[PDB]
Structures are given as structure tokens and as C-alpha cells.
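[1] part one of the complex, untouched from its place in the assembly:
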Amino acid sequence: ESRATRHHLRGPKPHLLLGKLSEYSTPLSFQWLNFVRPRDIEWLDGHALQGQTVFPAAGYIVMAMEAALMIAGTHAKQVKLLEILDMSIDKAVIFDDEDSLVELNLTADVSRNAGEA
């Protein structure tokens, strides 16, 4: 069992909006891998732009906040507050059809872990 393989067979639940944490993740660096298709996310059909189903920017924000929750849990921390700073939505995810799979990889790297602070 490569420790990546162990983290693959084992590991956290496939968190919604995030999928499974990458096998090569760390307490300091994480990469949740998912393949979102609208039919697998019942509510995602509601966000349509120009007819096409588009992953909401609020979706990216919720993904980031859930990643923050999972990171804090990894450090056994409870987040009293959760800011998202200088966030930018570069490319809207357009879903061709409700069964189309769009890969979302949320890579979150704790540049500062100052739980002492």
C-alpha cells in the first residue's frame, strides 16, 4: 500500500462539492478532486446562464469554505471565522448537459498555520 494508495482506499468521506481529497495531500497542502455533473448534484441544475448550466461562483466560494473546514478539522481546529480574500473567478464552468462531467480540483495550501496566533 503506497501511502497514496492507502489514502485512496481509506481517507475522508467524499465531501460534496469537493469529492475525494487527493491521495498526495498533506495537512499543509490539500487537493480535493471531483467530477461534477449536474444530475449528480440535484440542485446544480438551477444555476443556468444563457441556458447552459453553469457552476455558480457561489459554488466555488462554498467549495473554498468547505475546504477550509476540512483543513481546520485536519489540524483539529474549529473555525470561528472564515474569510475569503482576493477571490477571483477566472473561468465559469459550463455544463454541456446534466450528464456531462466537469472536473473540479480544489487545491488549498495553508501558506500560514498560526493556530498559536
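    Perfect, I can see it now. Residues are numbered from 1 along each chain as shown, chains lettered A, B, ... in the order given.

[2] residues in contact with stretch A:19-35?
    Stretch A:19-35 has contacts (C-beta atoms under 8 Å, 6 or more residues apart in numbering) with A:3-5, A:7-8, A:11-12, A:14-15, A:17-18, A:63, A:67, A:70-71, A:74-75, A:101-110, A:113. The way it works is simple: take the backbone N, C-alpha and C, and place the C-beta from them, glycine included.

[3] got a PyMOL select line for the buried ones in those residues?
    The following PyMOL line selects those of those that are buried, judged by 16 or more other C-beta atoms under 10 Å:
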select buried, chain A and resi 7+15+17+18+63+67+70+71+74+104+106+108+110
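
[4] among the contacts of stretch A:19-35, which are in helices?
    Those of the contacts of stretch A:19-35 mapping onto helices are A:3-5, A:7-8, A:63, A:67, A:70-71, A:74, per DSSP state H.

[5] okay, which residue is most central for chain A?
    Nearest to the geometric centre of chain A sits residue A:18, at 3.3 Å (C-alpha atoms, centre = their mean).

[6] also, this goes in as chain B:
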Amino acid sequence: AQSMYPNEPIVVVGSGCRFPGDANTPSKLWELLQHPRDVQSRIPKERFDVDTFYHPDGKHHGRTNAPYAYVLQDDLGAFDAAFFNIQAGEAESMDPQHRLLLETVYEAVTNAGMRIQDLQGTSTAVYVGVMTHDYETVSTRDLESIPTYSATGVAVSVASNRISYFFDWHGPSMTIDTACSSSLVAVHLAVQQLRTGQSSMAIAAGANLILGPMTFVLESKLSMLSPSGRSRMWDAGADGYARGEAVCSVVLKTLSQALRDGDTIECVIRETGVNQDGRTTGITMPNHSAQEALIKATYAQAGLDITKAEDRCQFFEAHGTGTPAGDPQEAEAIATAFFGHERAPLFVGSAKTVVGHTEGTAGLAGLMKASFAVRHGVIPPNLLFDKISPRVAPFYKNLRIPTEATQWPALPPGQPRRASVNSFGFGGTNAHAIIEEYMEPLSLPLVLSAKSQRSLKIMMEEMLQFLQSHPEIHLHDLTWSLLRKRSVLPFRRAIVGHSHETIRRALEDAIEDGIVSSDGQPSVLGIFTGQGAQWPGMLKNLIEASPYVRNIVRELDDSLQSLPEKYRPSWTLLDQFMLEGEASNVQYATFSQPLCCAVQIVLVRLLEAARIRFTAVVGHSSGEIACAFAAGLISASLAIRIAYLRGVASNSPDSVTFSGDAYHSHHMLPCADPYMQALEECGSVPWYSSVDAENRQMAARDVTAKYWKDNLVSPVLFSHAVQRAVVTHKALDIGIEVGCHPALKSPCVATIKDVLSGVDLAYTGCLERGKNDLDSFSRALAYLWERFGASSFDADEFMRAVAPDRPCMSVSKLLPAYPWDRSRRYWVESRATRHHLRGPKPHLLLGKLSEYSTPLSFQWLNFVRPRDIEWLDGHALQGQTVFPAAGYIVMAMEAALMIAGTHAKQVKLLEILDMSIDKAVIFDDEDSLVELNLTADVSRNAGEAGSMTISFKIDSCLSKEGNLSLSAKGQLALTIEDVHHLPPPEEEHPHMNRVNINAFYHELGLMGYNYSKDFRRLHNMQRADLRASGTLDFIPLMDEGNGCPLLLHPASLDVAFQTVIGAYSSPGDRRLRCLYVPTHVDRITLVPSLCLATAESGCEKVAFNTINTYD
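    Just below you will find chain B, in place on the chains above:
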């Protein structure tokens, strides 16, 4: 005889091959084998970039030392899913092994001369040997993106089952896996399945494909593969086996079963034994004794004495994988089986030298080499054999590896050429097969069919090219093979032509037109043409081109001479008017009536020779007389005789053609009286009269002379007879205007449609107006075939009647293979999987970039062990080998380089800010793997501002038992461009006691810094005033897998760090009372251009200054 062997000799009747070197058919495979070429090539990036996995050391973690393989030159994703009734999603889900197995099995069935309909629903068995199922890993490495039909598409078993699923076979469908022997083992099982009699036919198939690095890495871990990339059988260069992509299918039958079915034979598998290696010196190690016992037992089962040369095999397709440990065992086994029990040698040659070691199908591959050879009497050579291996030399006394296409050794008369095939799978499952040569003790329409009209057009093009290439091939045999020995498919076309030129031009016309027909119906209605429709020179070509028609004409002449002397003979039109070149007009009753009668008699006899089941409706005048014969109650002789004697109508509800000032009128009424008076002394099929409206549609009432008189006297209700025939037999399928088309076409078809409301039953003419007789009849048969497949008529019986001499041969072997659509590439690749198979080189110190990386986020994954990094052994702390902090820094800088390259940026400057080494990577042993994952995320990409900020983290995991931890972290600030940057060094600090480098490193080791080799590269140093300077070797480091230098050899940077300690401590002072390791670097800053320039300059020795700022 060859069928008298103890166990019934199975027979290879056909084969389908997808072998490397463009060998997409057995003929091409044989040409390659007897004329080998350097087929092997670098693993195409279309399959997987092996350079992303290549490493000279085979045992290197996650690498393969064999970057070559005998790969197929075809797009394996290009598959005719529509042909096999497989949907796009399922076809993509399918293993390319399964798809190519389907294609090759269909090719083998075609070559054997079998229609899929004939085998459809039979008890045919399938035994597929597959070992290297890269699919079910490539398509499933990322569980996400796995298609719905992945389970069955990639399941190893389905490889066989799906075949039988498509062909509607009910025999056993094993998918065997005995490693390299798998396919051959399958043959054995197939052979057994054929010797039980439960399966009249058995596909023995094999499939090995190169779709992922899994197999390469696994085999190279054991050094099984050949780093040179070629399976040098029994050669001194033996260093493993080169993987090869091959999909083979072989149709096997019992010799008696094949002969009774009239299938052309490729070879005779006399016996196929399977044995296993005992507890050899290792699971992978083959056993010479086991293989010798296998050969001896197989020959004994075949009834062959191994000691006798007559019972011996002159050729031996050896396993011949090029393994230094396995090849000697095989040579010893061969020598001790065929010799060592006491003068041409016993030729030994492995196909894997030419097409590579194709693992699962390897056995079958060898079988093919043994098959074609034994069939062609040529011992194919071995491409890679330059010097006999010293280990194989002792057993090479009685053996000779052919380096040239050698003619078969002389044999005793009556003894078939005999070859042997050996395939040993790692684990030791050895399969041995004994093969032999089979001792072998007017034309039909050229029919083509495909599952798509595009495929049918490509078939027409390929057949035209084949005819141009092979004008020598008999047209009769070609058409008979295309009809009886080739599968019928939804989209159909038929080509009409008497000779090669005619058929080629008709094929050209069909190709230009593009008109084809789409989608047990031999029911035809015989509509018989009458006087007034006869064309000049009818049957002239048929009579002068078909001896069967000539014999029929002789019978007609005999009937003519049987007339009463008053009317004996009505001058023979068969030899006066049915003449080529003359084409004299025939309107005279004395000739026109018997001429049409003979035309229709000959045509109906030909149709019955094709076993066409008839319903009969009479026409007028001759159309009646001939129809009387078609009823199965009146002899043809009587019909033609009555027509000659007579020599001397309501066609449809909308058509009436009563004629006068002539027949059906008083003009011929008087002559009918004496004629009938002569007919009184002169003479099974549903048959309906029309001359007599209703009463004489019965068997017994149609023989009266008054009916033959009414033939010309009474009015003809042809429409009523057609109505009766088509309403009493609503199941009727087609109608044929026997004789002079198109006289009765329009009214007859209109009557059929009217009686059967809206039922536009097919209509066909067989002798057109002024057209070639052979072409006319062949076009009639072509229409019949295009309408009702092979069930329309039987070509075998037709050629049994027509041209009994030279029975048609199943030339399906030489016919072009089916032109698989290949338009759409059905493949599965998660973009992570694509980045895995593909992607950048495995950068040293970094490994492979993570599959889920981005231009903005990257994660290089590696498993560093000191022996795989030769220099890494030099950095030892407290004896343990420890990954240098300089190692982490160089990893970060190389990651910065790769990131800049990803953005097409050249780094003018590369700072590392606030770097921290959190956990030193301790290597327990030089072979211990420590996982290093460098995750670098460009928090700022301001190439517009010329900057790039990248937070980087080298996470480390010492052992797979533990979790992934942080080894180092920091930031990278890259000053970049779309393609003196640092302060000049201080003034070479003036006075510095010359630090004895040997003493310096001795003290460092005393304090736990056991630096060695590359990390003792500090050429000279001198320290004073809390400072040090000197010169350290800027030793270059380059990635052999990439062929380019790195920014820094971590040894040089670690020596630079040691300079800080030197400034802090002199040799022999012991100011370094504890082992300090770099924990937090405030700012490194490297000029990559200058570092690379120094590395490539060759000086590799650079000066340095250093301040021990805090001490």
C-alpha cells in the same frame, strides 16, 4: 492419412491478425515473418509517452528500462462499433484488446470462408489468451470518468464472451491467462473442446496490447523486459523480452469437421499439450525438464516418436523471449526432447524476434509462424540473432536458428511438413503445439456486404484494387467465395460481370453510383414471357459460354428431333439463330415461339440449379409452354417439343393487349387444329394457368392437348393468374420475369401491388433487351442476393450444376479483409489519466507532475531512494542518509523552472523566500523509498509585471506506513521574461586562515556531518572574522531522462551551506558542538542563466563568500 492420428487432428482453417509492422492480415503477417524488418519502435506518445516512464535502471521506482515495443501501427481506438452493434459509450468503455479481438475474429471467420449467419447461433467455442489488460487500469486508474459500461467493457473475461455475444455463439467462451503461454493454452483448450464434438468450431484467440505503463513498469521491476527493446532469442545480447502488441484469432475445427464443411485449411494442429514448471529456482524461472516432458508427452499423444526424425518437427517456434535465464532452459528442453537419446538440424525460430514478445497472444503468434511456414514450406528467419548465447551453445549442437528464409528440409515422401510451437508463461505454464501442413490428398454476381454503406463502398474500392492486383484469380471462385463463403451484412451490393474487365468496370460503376440495398426468403413467382417479346440473339452468350447451357441445348435438340416426322425438325434456332455475331432477328413463329420457350426453359433450369423455390404463373404462347415445365409436372423436353410443334391478353387491371389484324384470334385458330392433333401424339410447384382463367390451374387438368391449343386460341387472363398466385401465397417475396424482360414487368408488378394492396413485391429480370446473357442472369442473381441475403439462392449447388469441372475454391483467404470504419476513436482517458500516460519527463528531484496539476497549481510526485539518486548517498547526518536542505531548495527551483516553462516564461531570476525545512528526510537504507511531493502553487502570475510568486511545499513521507508530512516550505519569486541580476560579491574577504578541507570535513563528521563524495566537493576554503570564502566545485547535475542540466547539483548548494559552518567553525576547534541542519532560509536567490552557463562550461568550479551573520 493425416486424419488417422490418435487424437483427431484439429485444423486451422482461417486466421485474423493485427500484428506490429502493418500486419493487419495473415498474408501481411506471413510476409513480415519470412521477410522480417525492424518493426519495433519507441512507444508512441499516442499510446503513452514511455519517455515519461523511461529510466536506464529497470528496477527504478515507477520506471521502465524498455522504452521500445513491437507496437501496432493502427489507432486501436478507431473501431467499427456500429459493425458490432456496440454503442459509442460501450465501445469507448471496451478494452482495445476486446475490440481488436472482435475485429480479428471476424477476419478469421471471413478468411476461413464462413458466413456469420451460418455460425450465428451455433455451438462455436471461444478461448482468448489475455495477460496484459492495460485497459481496466488506464480506463479505471481514475475511478471518476469511468464509463457506465466499463465493467463489461474492460473485464478480462468479456474479451472472450463479447466475441460469442456478437457472433451469437453458444460454445465455451473462456478467457485464458497463463502469461505468455495464454493464447497457446487457449488453443489446447479449443482443441480439447473440438475433440469432444460439442463445438463444430472454436476460436483460439490472443490479445496483448500496450495501452499503459503498468505492464512495462511491473516487468522492468523484475528486469524481464529487454532494455535494448528487442527479444534477442538465444543471442549473447539476451537481456529480456521486448513487449509486442498483437491480436490474433485462429478458427480451429476437427479435420473431418472442416473437410465436411469445405473450409480451406491453413494448417493442422495435430496435438497441443500443456504442462507446467515445478518448483523451479524462482516463479519466473522456466524449467527445461518440464518443457522437455511437455514436448515428449505432446509427441506421444500425437502418435509421434520423438526419437524418429520422420515423426520429428523440422521447425520449432520456440518461446525465444531473449531472457538470459529462460532461453537456455528452452534450448536444453528442445535438445533433450528431440535429441540427447543416442544430418539436417532442427530449426528453431521465435516469432517474437520479429513481432516482439506479445505476451498473451505470443503463443498464437508463434503458432501463426509455425502455421504459415508449414503451409508455405518456408522456415521464416529470426530478425535478432547475431551470436549464439554462451549459455545456449551447449544445447545448440543439434539446433539452428534461421537467419534467412530457408526452404523446408527434405522429408520422406508422404510425410507432411511438421513444426512445433512453444510458449512459456512466467509462472511456468508451458504450452506446446505440434502443427503440420494439410496434405490436401456464366459466373455468379460479385456480392459485397457491410454493416454501413460507407463500409460497403470501401469494400467495393478494395475489391476493385484487389482485382487489379490479382487478375490471375479465377472469377468463378472469387464470386462463389463472396456468396457462399463470405458473411452477408445489412448494406448489400452486387456487381455483374462475365470476366475480370467486365466485373472491374461494373465495380467502378457501382462505386460511382453509391446505390446499395439495406436489410430465409427464397419465395419467387415465375412470370413467363411470351411471343412478341423475344429479342434477337437470346442465349447466344449463355450457350457459347456455359457447357451446362450447351448440354441443355443438346437436350432441347433431342426433343426437337423427337417431333412427328411431319414436323420433325422445326429448323434448329439453337444452332441457326442463337449464334453470336449474327444476332439475326427472330419474329417468325416457327423460330420465335421455340426460341422463347428454350430461353425460358434454360433460365428456369438455371434458377432451379441455384435451388430457387418457385411459384408459377403462365404468360402467353411460349410463356405458357415453358411455364408448364416450371410446374414440375411437364418435362422440359416436352415443353420445347410442344413449342417447336406450335411454331409449325389481360396483363393487368389497367393493361389489355388483345391483338389482331396473330394469336388469340382467328388468324392462328385454324393452324391450332392440326397442331393439337399432333400434340395428342406429341405430348410440385404451385402453378396457375392464365390461358385458362381458373379451371386449369390444377396438376391433372393442364396436361390435356386442348389446354396447349388454348395457349394460342383462348384469351390470356395473365392478371387473374397473377392475382390468384399472389393471393393464395401472400407470403410471396419476389417475382422473376423468366425470359425476355421487360415485357411483363410493369403490368405484372402493378397487378401484384393492386391484389396485395400497397405490397410492392420485388421484381427481377433475367434476360434484358439486347444485353449480355451472362450479365442478365448474373444481374438477376444479384437482385435476388441484394434482396434476401444468401437465403435467396444456393451458389454451391449452382456451380455444382454450372461448370462441374474445377469446383470453386474458398479464396476468402486472399479476399480483402473487412474495411473497418475506424472513423471514430472509441477510447477512455480521464484528463488525469491522459496527463499520466502523457505529460512531462519525470524531472529529477521532482518525479512526475501530478495528474491533477494545473498551470497555476502543480504537484511533482517522487519516491526518492538513495540508490536511485547516485549522489544522494553523499549527504549523511549521524550516519543516516538524509535528503539535503539544498535538495529541497533545488527541488523548489526546478519546480519554478517547470512552472515558468508551463507559462512559456524564462526565469531571469529565482528567489526563494521565507523557506523553512520542517522535517529532515531520513533514509533508513539506500533502497528505502521516501515519498517527496513538491506542491507549488503560483499565488501571483504577473508576467505582465514580470513576476511570479509561488508558494511551495515539499511534503515528505519516510515510509508508506506513515502519513505524508511537511519536509520543507517556502515561496518562490521568479523574475521572468516571455522567452548582474545579483549584487557583486564582497571583496574576497582579505585574510582568512586556509581551512584544511580534509580536516574540516573530518571535524564535520565528528559532529555528525558525515558528508561524502559529491558533498565533499568544497575544493578550498579559508575563514576568518566570522566569515569564510574560497572555491567550491559547481558540479553539474543533469536528468538522464530529460537530457538537460539542472540549475544546481544539491551537492554544490549543500557545500555552499557548509561554507557557513566553516565561517562559524575552523577545523579542529569544535565550535560546532551540535549538528545544525538548515531549518529556515530567509532568502535564496539564484540566477538560472549563470548557473546553467557554469554547469555547461565545464569549469564546474565557482568561487564563494559567506558571512556567519549569527553565531
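
[7] so the residue nearest to the residue nearest to the centre of chain A when sequence neighbours are not counted: helix, strand or coil?
    Nearest non-adjacent residue to residue A:18, counting by C-beta to C-beta, 6 or more residues apart in numbering or on different chains: residue A:32, 3.6 Å away. Of the three states, residue A:32 takes strand under DSSP: H, G, I helix; E, B strand; the rest coil.

[8] please name the nearest non-neighbouring residue to residue A:6.
    Per C-beta to C-beta, 6+ apart, closest to residue A:6 is residue B:960, 7.1 Å.

[9] tell me how many other residues crowd that neighbour.
    When neighbours are defined as other C-beta atoms under 10 Å in any protein chain shown, residue B:960 has 16 of them.

[10] which residues sit against stretch A:6-14?
    Residues from elsewhere that reach stretch A:6-14 (C-beta atoms under 8 Å, 6 or more residues apart in numbering or on different chains): A:1, A:20-21, A:23-25, A:34, A:70, B:960, B:964.

[11] doesn't residue A:61 fall inside a helix?
    Yes - per three-state DSSP, residue A:61 lies within a helix segment.

[12] chain C goes on too:
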Amino acid sequence: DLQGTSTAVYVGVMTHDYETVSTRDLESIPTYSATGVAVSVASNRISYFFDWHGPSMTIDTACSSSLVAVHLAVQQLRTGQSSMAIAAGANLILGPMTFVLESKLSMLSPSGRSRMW
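    Let me put chain C in with the others:
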């Protein structure tokens, strides 16, 4: 007694989670992974340990594999070439590969039990 005899082996294996779990991460793959996880070896190794020389097929006909092996073994026993024949079968749950693949076709029972008929 069986050591060195012509005993055959016919193993039915369909669900080789190993060769995927142990090879999902090509790094950390052990040296003997090739033969250790190769489907064929499943049979061969048996005969290798017991020093058997009979056929050592590793069959895969999906759920029928092992029974098919029996048939082959039966045939191998009716030829007289093997005084004995192991008919074996092996299905193990070591990775999610098989579960995900089968559930993609809904082959598996969500209730978790094969409710026959």
C-alpha cells in the same frame, strides 16, 4: 506424493483488485509485483509451490470462471494426462475498482445482498 506429478491447476479469477491497488501508484511497486499480481500466476504459482507439471490455467469467465475451470479440470482429468487437478476460484475485495465498475451498470445490490429470485 504430488510433488513432481502431472497435477493440473485451473483457477477462476475475475476481480483482481490486486494488480490495481498494489499498482495504482506505479511508485512503491515492489520488484516481484509482476508475477505477484499477474492474473495467470494465480494458477502457476500453485503448481510452482507444489512442483506440479499439469496445466495451470487461470480462467476468467466472470462469475462462471471457477466452474468453467472445473470443466476444464474435468476435461484434463478425462484425458488421463493428469491424475489430479485443482479446480480453484478466487474473488477478493481489496479495492473499490470492482465495486465502482459494477455499480456503474447497477449490477451490484444496493441493499448489499444477493436476493435470489
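
[13] once more on the neighbour count of residue B:960, with chain C this time?
    Neighbours of residue B:960 under the rule other C-beta under 10 Å: 18.

[14] quick one: end-to-end distance for stretch A:19-34.
    End-to-end distance for stretch A:19-34: 4 Å, by C-alpha to C-alpha, to the nearest Å.

[15] quick one: is that stretch near chain C?
    Yes - counting by C-beta under 8 Å from any C-beta of the partner chain, chain C has neighbours in stretch A:19-34: residue A:23.

[16] quick one: name the residues of chain A near chain C.
    Residues of chain A lying close to chain C (C-beta under 8 Å from any C-beta) are A:1-2, A:4-5, A:8-9, A:23.

[17] follow-up on the earlier one: show me what contacts the residue nearest to the centre of chain A?
    Each residue near residue A:18 by C-beta under 8 Å, 6+ apart is listed here: A:32, A:34, A:63, A:66-67, A:70, A:106.

[18] swap in 7 Å and give it another go.
    A:32, A:34, A:63, A:66-67, A:106 (C-beta atoms under 7 Å, 6 or more residues apart in numbering or on different chains).

[19] ok and the residue in chain A nearest chain C?
    Residue nearest to chain C within chain A (C-beta to the nearest C-beta): residue A:2, separated by 3.9 Å.
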